[PDB]
C-alpha cells in the first residue's frame, strides 16, 4: 500500500488536515492506511474513517443518480444518442462499487472480528449494512443477495445495540435511522420503516431525562431526522 511507509499517527494527523481542506479522497486514503497498520481504532478514528468514505461515496452516489436519470429518459420519443450515457454511468457505477468493496474489505480484514465492545462492534456492523445498502442502490443483476447482506449486518447491529446501549445512544439512534431507510428505500417495506422510526423515536424520548445538556443535544439531533422521515413517509 502507498501508505505503508507513513507512521500511523502521521496518517491520522493528515486525515484531519484533509478533512479541513475538504480533500475527502485523500482523507479516505490516509484512514485506509491507518486501518492497515492492524491496530484497533479509537472512537475518534472510527468517526474519521466514516466521514472520509461517506463523503467519497456520497459524491459517487449523487453523480450516479444524475447519470441514471439521463439514461432512463433516453429509454423512453427519445432520439438515439449511442452508447455514451450507458458507458459513463457504468464507469461511475464501477468506481462506486470499488469504494464499497474497499470499505467492506477493511471491515472483514479485520476491524469487525477484533471489535468486542458494543460501541465499536455496532459502529462497524452499521457501516457494513450501509456499504451493502449503497451496493444495493445500483444493483440490477445478486441484487437479492446484496439486500440480504445489508439486512443481516443491520440486524446483528440492532440486536447488540438493544442489549448493550441506552435508547438515546447516538450510534444506536443512527443505526435505527439507517435501517429504517433500508426498509423504505431498498427493501420495499415502508410499514417496517415507519414502525422502526416511531418506536426508536418514542423510546429515545422517554430516556432523554437521564442525559446531560450536551448528550441531549447529540441524541435530539438524530431524533429530528427520524421525525423528518416520518413526515416524508406519512
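Think of the rigid core as the biggest set of C-alphas that the two forms share within 1.5 Å after superposition. Positions refer to the first chain, counted from 1.
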(request) Output the stretch, either 203 to 211 or 186 to 194, that has more C-alpha displacement from this form in 9 other deposited structures of this protein following superposition by the rigid core. (result) 203 to 211
(message) Of the other PDB entries for this protein whose models extend past residue 164 on both sides, does at least a third leave it without coordinates?
(response) no
(message) At a threshold of one third of the other compared entries, does residue 105 come out as unmodelled?
(response) no
(request) Enter the number of deposited residues without atomic coordinates between residue 76 and residue 77, binned as none, 1 to 3, 4 to 9, or 10 or more. (result) 1 to 3
(request) Count up the deposited residues without coordinates from residue 141 to residue 142 and drop the result into none, 1 to 3, 4 to 9, or 10 or more. (result) 1 to 3
(request) Look over 192 to 200 and 66 to 74 in the entry and identify the one with the greater average Cα temperature factor. (result) 66 to 74
(message) Mean CA temperature factor from the deposited coordinates, higher in 132 to 140 or in 96 to 104?
(response) 132 to 140
(request) In terms of CA temperature factor as recorded, identify the highest of 151, 89, 126, 81. (result) 81
(request) State the tercile, meaning the lowest, middle or highest third, of residue 85 with respect to the CA B-factors recorded for its chain. (result) middle
(message) Based on the deposited C-alpha B factors for this chain, I'd like to know if residue 21 is in the lowest, middle or highest third.
(response) middle
(request) Comparing against every modelled residue in the chain, figure out the third that the C-alpha B-factor of residue 5 lands in (lowest, middle or highest). (result) lowest
(request) Report the third (lowest, middle or highest) to which the CA temperature factor of residue 38 belongs, ranking only the modelled residues of the same chain. (result) lowest
(message) Looking at the temperature factor on the CA atom of residue 157, which third of the chain's modelled residues does it land in?
(response) lowest
